[PDB]
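**Student:** Here's a structure for you.
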Amino acid sequence: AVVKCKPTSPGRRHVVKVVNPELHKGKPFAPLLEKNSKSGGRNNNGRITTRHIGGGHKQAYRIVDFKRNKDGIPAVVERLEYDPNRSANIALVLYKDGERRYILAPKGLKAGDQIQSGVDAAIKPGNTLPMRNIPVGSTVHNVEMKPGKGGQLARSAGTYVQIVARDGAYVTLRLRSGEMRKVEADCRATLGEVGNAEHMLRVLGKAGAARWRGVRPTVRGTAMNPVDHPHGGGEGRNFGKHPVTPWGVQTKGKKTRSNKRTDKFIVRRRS
RNA sequence: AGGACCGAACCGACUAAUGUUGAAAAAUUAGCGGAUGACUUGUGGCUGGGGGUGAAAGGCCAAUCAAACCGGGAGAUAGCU
RNA sequence: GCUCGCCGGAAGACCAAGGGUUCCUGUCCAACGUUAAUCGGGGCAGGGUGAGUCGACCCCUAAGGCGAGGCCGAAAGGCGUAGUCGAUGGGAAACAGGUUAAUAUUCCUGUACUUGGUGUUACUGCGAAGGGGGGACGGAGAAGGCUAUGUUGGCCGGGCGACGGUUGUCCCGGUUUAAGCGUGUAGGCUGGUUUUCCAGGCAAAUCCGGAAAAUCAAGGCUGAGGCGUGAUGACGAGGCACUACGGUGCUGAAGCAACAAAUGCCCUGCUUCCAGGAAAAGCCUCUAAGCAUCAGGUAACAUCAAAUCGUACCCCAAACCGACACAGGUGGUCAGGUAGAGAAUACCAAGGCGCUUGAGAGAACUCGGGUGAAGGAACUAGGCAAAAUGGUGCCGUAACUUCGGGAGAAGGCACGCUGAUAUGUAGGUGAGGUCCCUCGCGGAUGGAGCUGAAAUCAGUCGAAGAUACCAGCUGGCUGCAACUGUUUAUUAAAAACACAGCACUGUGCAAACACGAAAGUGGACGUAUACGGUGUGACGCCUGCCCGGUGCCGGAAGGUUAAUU
RNA sequence: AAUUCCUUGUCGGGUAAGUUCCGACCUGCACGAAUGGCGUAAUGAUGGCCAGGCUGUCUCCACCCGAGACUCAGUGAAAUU
RNA sequence: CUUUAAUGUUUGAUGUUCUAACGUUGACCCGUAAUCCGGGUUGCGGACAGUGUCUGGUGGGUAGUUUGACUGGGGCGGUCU
Numbered sequence: 002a003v004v005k006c007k008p009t010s011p012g013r014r015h016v017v018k019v020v021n022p023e024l025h026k027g028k029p030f031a032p033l034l035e036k037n038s039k040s041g042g043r044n045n046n047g048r049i050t051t052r053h054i055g056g057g058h059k060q061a062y063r064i065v066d067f068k069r070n071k072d073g074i075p076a077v078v079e080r081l082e083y084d085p086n087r088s089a090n091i092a093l094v095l096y097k098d099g100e101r102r103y104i105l106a107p108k109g110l111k112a113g114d115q116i117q118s119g120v121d122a123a124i125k126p127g128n129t130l131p132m133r134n135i136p137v138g139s140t141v142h143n144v145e146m147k148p149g150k151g152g153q154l155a156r157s158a159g160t161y162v163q164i165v166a167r168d169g170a171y172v173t174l175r176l177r178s179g180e181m182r183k184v185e186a187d188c189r190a191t192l193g194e195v196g197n198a199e200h201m202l203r204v205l206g207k208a209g210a211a212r213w214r215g216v217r218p219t220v221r222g223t224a225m226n227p228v229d230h231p232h233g234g235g236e237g238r239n240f241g242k243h244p245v246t247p248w249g250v251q252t253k254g255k256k257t258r259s260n261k262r263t264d265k266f267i268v269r270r271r272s
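For the first sequence, UniProt numbering begins at 2 and goes up steadily by one.
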């Protein structure tokens with residue numbers, strides 16, 4: 002649930018929280034956890050590859066099951082759980098065989114609901130089947146791009162795709178980006194939308210709330226000296242040139258997609 | 001509950017005086033600011049010079065930075081002293 | 001040696017880091033010490049550092065490093081797997097007292113414990129580079145139960161006061177005692193037990209997990225402290241004998257209780273919030289291959305072993321880092337008394353110092369301070385500096401406002417001491433006894449004793465009762481930025497930089513982008529409610545006109561146009 | 001106006017007297033709407049201005065307490081030339 | 001030898017299809033108690049992609065350099081035979 006806190010102090014007027022009581026107020030299933038040390042935006046060479054990364058709260062990685070290869074074995078939901086490594090919530094399930102696993106939380110799932118994977122599974126949210134058997138015009142999430150590796154699309158808080166057509170060994174999809182992409186007609190996909198849509202309405206309210214996420218301040222460039230950035234400086238606010246990243250790239254329309262390898266599944270890229 | 005209030009430790013360094021071959025190659029005295037947090041700190045580790053890092057001042061990188069230090073090319077060149 | 005004065009949340013005590021004999025004794029005074037020097041962190045000689053339990057080594061691992069093969073690269077060499085290293089983390093065990101000129105939980109006395117080895121006996125399914133559990137973990141907050149510790153009383157010993165009084169409600173001192181073993185409480189978590197089945201735990205599995213039944217609810221785990229033992233001992237104020245007044249033997253009384261009470265323990269708990277909170281081994285289990293009249297394993301007793309290195313001394317400093325015996329900087333532990341909200345502050349205890357030139361004089365001027373006639377910012381670039389305000393409780397408190405604030409607004413009154421209310425109250429604590437009882441560290445009752453506010457009434461002293469130290473100046477108009485913050489170490493802390501928020505834009509995952517001749521890595525073990533970049537900069541009302549120029553995004557008939565032929 | 005050269009613009013407020021401050025007028029030398037415009041409570045060691053109280057800031061300094069200065073003894077520099 | 005159609009064959013262009021090169025930061029198995037790597041099986045792509053040589057354009061992202069003299073100081077202007 003979304004709630005607007007009161008302005009009892011500068012730093013809480015425009016803050017907004019997303020409170021969900023369905024989440025388990027305790028410790029998670031340890032057997033599915035592992036170490037995850039932050040990187041600060043650096044690489045094996047110790048150099049900063051991506052800026053604005055550093056600090057924040059500690060984190061543990063919940064091993065999620067994105068493949069869903071446990072076919073023909075139903076499972077019930079034990080409880081929901083908060084996952085920091087991602088924007089979406091997850092679900093702790095229980096298979097009849099005694100095994101437990103993690104998955105992404107669909108829109109309206111709860112505890113006690115039964116789910117099943119495979120080709121003969123039921124057409125209901127949570128269940129997983131290959132798109133070869135999914136009806137056209139439906140909504141799914143956690144889509145696979147190559148059979149067997151695991152889902153890669155529609156993994157975020159409130160993201161969902163829509164199957165629009167299936168001709169042959171391939172299926173076409175309109176992604177949440179408006180792009181019209183096609184994939185092999187054997188990839189698995191989970192019905193329903195990922196349920197945390199109240200996440201976008203969240204608000205940090207103050208800078209410190211960003212530093213908890215591991216985000217660092219972003220220096221513009223205009224106020225940064227000529228040696229540092231193309232925008233450089235000048236007495237006052239001049240910026241009398243074209244917008245450009247460091248290293249000399251426009252950043253205001255210049256398409257940098259230079260794949261040219263697949264370039265077949267793209268139909269209606271966007272806009 | 002709080003990047004909340006007063007205020008010691010602690011971290012800072014706004015004003016003034018002193019000192020300026022100083023007690024000190026940036027400190028002291030009397031006050032001041034923050035003081036559960038983007039806080040602070042000990043240990044260890046990574047990032048190496050046209051590069052690093054930088055809540056960005058051309059700032060910091062061993063009292064040295066508009067391109068560190070050491071050695072080498074090197075007895076650079078100097079129509080200038 | 002007698003006085004004085006300073007610190008006393010340190011200028012005291014114990015360590016790490018670091019230094020590396022500066023420690024102790026004797027001796028020397030040329031040099032070193034900012035003076036002298038019989039002294040010294042100085043010179044010379046000698047002596048001194050004793051560990052199964054502290055620490056390191058060792059076992060395990062994080063960040064991260066090296067990196068067999070291997071991938072990559074003109075060479076050098078780079079990244080990295082298996083693995084191996086790497087604490088600032090995890091992992092077995094000792095306390096008290098006494099003692100040396102100098103060491104000690106290391107020596108001695110006394111009392112204990114831990115891990116292994118071997119052997120005897122008895123009972124026995126043992127076995128892993130594997131599986132599972134466990135180890136294993138955040139912030140804030142809230143109390144409650146305890147202790148360290150302290151105060152008072154009582155007891156014991158001693159004392160009767162240089163000057164009035166002091167045999168009493170008088171004065172001083174002491175009233176200490178551990179780990180360990182046993183009890184297993186306050187209180188906290190958990191429902192157990194037996195049988196049966198199974199697509200799982202890379203194979204197995206009595207274990208874990210899951211499912212279905214029956215049967216019982218009391219079962220277990222954790223757990224400060226207290227109590228008892230440890231302890232007929234040790235210590236102990238003080239005496240008796242030696243006593244070179246340098247010390248040694250022996251003796252050695254009381255050694256209880258109440259109250260207060262921690263930031264420390266129960267607490268790695270409980271409640272709660274979002275930013276969602278290390279790993280591995282030891283340890284407890286599981287079984288596989290394998291070994292079974294063996295071997296191994298469990299318990300008891302015996303006996304052996306527990307090596308090696310460090311241990312002195314300083315450690316907020318004269319010994320470390322600062323060229324110096326330098327107003328500097330330096331992490332952790334202990335945390336007394338009165339007042340006090342308080343680790344502030346003031347005066348003190350234990351303890352440790354009086355900061356390595358002194359004497360004298362008492363001009364100008366300088367520094368650091370105190371007071372001030374009348375006036376009260378007229379000074380001055382500027383109320384810079386200084387002065388002043390300063391605490392608690394009650395009343396009371398505007399504009400404006402995002403309805404939280406503004407606000408401690410402003411402003412006003414009372415504060416001491418003694419006595420009574422009440423021979424010390426409300427409250428808190430809680431003895432003895434009585435009653436019960438699963439008869440225990442119990443429960444109910446019980447209210448002695450101890451402690452102890454606050455307020456009221458009257459009275460009283462003083463110029464002044466928040467008397468000292470400590471301890472907000474307030475108010476009004478306005479520009480900038482929203483705010484908390486960050487910044488030019490060493491002349492600039494701001495209207496700059498960040499910021500949440502908004503928008504445009506790119507990016508469909510072997511993502512864009514970046515570091516990299518490359519491999520590969522980060523981005524991200526993320527997936528368009530995500531990520532990167534750019535600009536703007538809370539919030540509120542709004543963000544208008546122009547695409548000729550530059551650039552970007554598309555489009556296509558024609559024209560021009562490279563290599564090549 | 002953090003933007004205004006002419007300029008101490010003009011009027012008025014406040015002052016005995018105000019090149020600054022505040023509020024209006026517009027002839028905007030040379031504001032202008034995300035290199036954002038206009039307002040904005042709160043906040044600020046922020047800039048500017050006016051009052052209350054306060055005072056040695058000053059009129060105009062005076063006296064005193066301490067460390068140096070000065071004299072004696074001991075040790076014993078420096079820039080400069 | 002002037003001529004033009006169905007052929008044989010030639011090479012070029014376009015499209016569709018295929019797999020055997022190549023790729024596979026897809027799955028499974030082995031080396032192997034190893035998310036590297038290699039090999040194998042299979043699938044998806046597929047002669048595209050991507051790399052090398054040559055080449056056009058773009059290219060302050062990064063370097064190397066230039067940016068005159070006289071002058072009643074220099075610059076501006078002016079001048080230079």
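No residue lacks a Cβ here, since even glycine has one placed at the ideal position from N, Cα and C.
Taking three-plus beta-carbon pairs below 8 Å as touching, is the segment 87–96 in contact with the segment 249–268?
**Tutor:** In short, these stretches do not touch, since the Cβ pair count stays below three.
**Student:** Are the CB atoms of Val172 and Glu185 within a distance shorter than 9 Å?
**Tutor:** Working through the first sequence from its first residue, we reach residue 185 at position 184. Working through the first sequence from its first residue, we reach residue 172 at position 171. It is a contact, given that the beta carbons lie within the stated cut-off.
**Student:** Rounded C-beta distance between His142 and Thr191? I'm assuming under 8 Å.
**Tutor:** Residue numbering aside, residue 142 sits at position 141 when the first sequence is read from its first letter. Residue numbering aside, residue 191 sits at position 190 when the first sequence is read from its first letter. Between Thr191 and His142 the Cβ distance is about 5 Å, and since that is below 8 Å, they are a contact.
**Student:** What did DSSP end up calling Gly152 once you bin it into helix, strand or coil?
**Tutor:** By 1-based counting over the first sequence, the position of residue 152 is 151. Three-state DSSP puts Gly152 in a strand.
**Student:** Is it a yes or a no for the segment 52–69 touching the segment 145–155, going by three-plus beta-carbon pairs under 8 Å?
**Tutor:** These segments touch.
**Student:** Give every residue of the same chain whose Cβ lies closer than 8 Å to the Cβ of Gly169, excluding the five residues on either side of it in the sequence, and list them in chain order.
**Tutor:** Counted from its first residue, the first sequence places residue 169 at position 168. Excluding positions up to five away in sequence, the list reads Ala186.
**Student:** Is any non-hydrogen atom of the ligand GTP found closer than 8 Å to the C-beta of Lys71, if you look at the structure I gave you?
**Tutor:** In the structure shown, the ligand GTP is absent, as is every other ligand, since no ligand is present at all.
**Student:** Using DSSP bridges, identify the partner residues of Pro8.
**Tutor:** Within the first sequence, the letter at position 7 stands for residue 8. DSSP output for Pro8 lists no bridge partner at all.
**Student:** Can you list, in chain order, the residues of its chain with a C-beta nearer than 7 Å to that of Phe30? Leave out the 5 residues immediately preceding and following it.
**Tutor:** Locating residue 30 in the first sequence gives position 29, where the first residue counts as 1. Correct list, in chain order: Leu93 and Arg101.
**Student:** Taking contact to mean at least 3 C-beta pairs separated by less than 8 Å, is the segment 217–228 in contact with the segment 114–124?
**Tutor:** Contact fails: fewer than three Cβ-Cβ distances are below 8 Å.
**Student:** Alpha carbon to alpha carbon, how far is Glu35 from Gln60?
**Tutor:** As a first step, residue 35 must be located in the first sequence, where it is residue number 34. As a first step, residue 60 must be located in the first sequence, where it is residue number 59. Each residue's Cα considered, the two are about 10 Å apart.
**Student:** According to DSSP, is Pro131 helix, strand or coil?
**Tutor:** Your numbering for residue 131 matches position 130 in the first sequence. If DSSP states are grouped into helix, strand and coil, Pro131 belongs with the strands.
**Student:** State the Cα-Cα distance for the pair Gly27 and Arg63, rounded to the nearest angstrom.
**Tutor:** Within the first sequence, the letter at position 26 stands for residue 27. Within the first sequence, the letter at position 62 stands for residue 63. If you take the alpha carbons of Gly27 and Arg63, they lie about 15 Å apart.
**Student:** Per DSSP, what kind of secondary structure is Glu236 in: helix, strand or coil?
**Tutor:** In the first sequence, the residue the question calls residue 236 occupies position 235. Of the three classes helix, strand and coil, the one that applies to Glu236 here is coil, per DSSP.
**Student:** Determine the closest residue to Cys188 out of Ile135, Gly55 and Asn239, with distance taken between C-alpha atoms.
**Tutor:** Counting from 1 along the first sequence, the entry for residue 188 is found at position 187. Out of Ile135, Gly55 and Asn239, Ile135 has the C-alpha closest to the C-alpha of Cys188.
**Student:** Who are the Cβ neighbours of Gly249 in its own chain at under 6 Å, not counting the five residues just before and after it?
**Tutor:** As a working mapping, residue 249 is identified with position 248 in the first sequence. Cβ within range, chain order: n/a, list empty.
**Student:** Please list the terminal residues of the continuous alpha helix (DSSP H) segment that includes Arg212.
**Tutor:** Here residue 212 corresponds to residue number 211 of the first sequence, with the count starting at 1. It spans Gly209 to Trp213 - the alpha helix (DSSP H) in which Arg212 sits, taken as one unbroken run.
**Student:** Using alpha carbons as the reference points, say which of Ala112, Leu176 and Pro148 lies closest to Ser157.
**Tutor:** Translated into positions along the first sequence, residue 157 becomes position 156. Comparing Cα-Cα distances from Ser157 to each of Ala112, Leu176 and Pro148, the minimum goes to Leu176.
**Student:** Is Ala112 helix, strand or coil by DSSP?
**Tutor:** Your numbering for residue 112 matches position 111 in the first sequence. Looking at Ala112 - three-state DSSP - the assignment turns out to be coil, as it is neither helix nor strand.
**Student:** Comparing alpha-carbon positions, which option in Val216, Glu145, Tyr103 and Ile267 lies nearest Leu33?
**Tutor:** The residue labelled residue 33 in the question sits at position 32 within the first sequence. The candidate whose alpha carbon is nearest that of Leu33 is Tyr103.
**Student:** Quick check on the DSSP output: the beta strand (DSSP E) that includes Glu185 runs from which residue to which?
**Tutor:** As a position in the first sequence, residue 185 is number 184, starting the count at 1. Its beta strand (DSSP E) spans residues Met181 to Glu185.
**Student:** In the DSSP output, which residue or residues are listed as bridge partners for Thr191?
**Tutor:** Along the first sequence, read from residue 1 onward, the residue named residue 191 stands at position 190. Answer by DSSP bridge pairing, in chain order: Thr129 and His142.
**Student:** Whose C-beta lies closer than 8 Å to the C-beta of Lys97 among residues of the same chain, with five residues either side of it excluded?
**Tutor:** The residue given as residue 97 occupies position 96 in the first sequence. Closer than 8 Å at the Cβ level, and outside the excluded window around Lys97, lie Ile74, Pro75 and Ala76.
**Student:** Once the 5 residues before and after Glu199 are set aside, which same chain residues still bring their CB inside 6 Å of it?
**Tutor:** Indexing the first sequence from 1 puts residue 199 at position 198. Within the same chain, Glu199 has close Cβ partners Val3 and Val19.
**Student:** Can you check which of these residues, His232, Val204 and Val120, is closest to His243 by C-alpha distance?
**Tutor:** Along the first sequence, one-based indexing puts residue 243 at 242. Ranking the options by Cα distance to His243, first place goes to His232.
**Student:** For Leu81, which option in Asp72, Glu194 and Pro107 has the closest C-alpha, if you only look at C-alpha atoms?
**Tutor:** The sequence position of residue 81 within the first sequence is 80, counting from 1. Measuring from the Cα of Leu81, the nearest candidate turns out to be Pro107.
**Student:** Run through the DSSP bridge pairs and tell me what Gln163 is partnered with.
**Tutor:** Numbered from its first residue, the first sequence carries residue 163 at position 162. Paired residues: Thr140 and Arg175.
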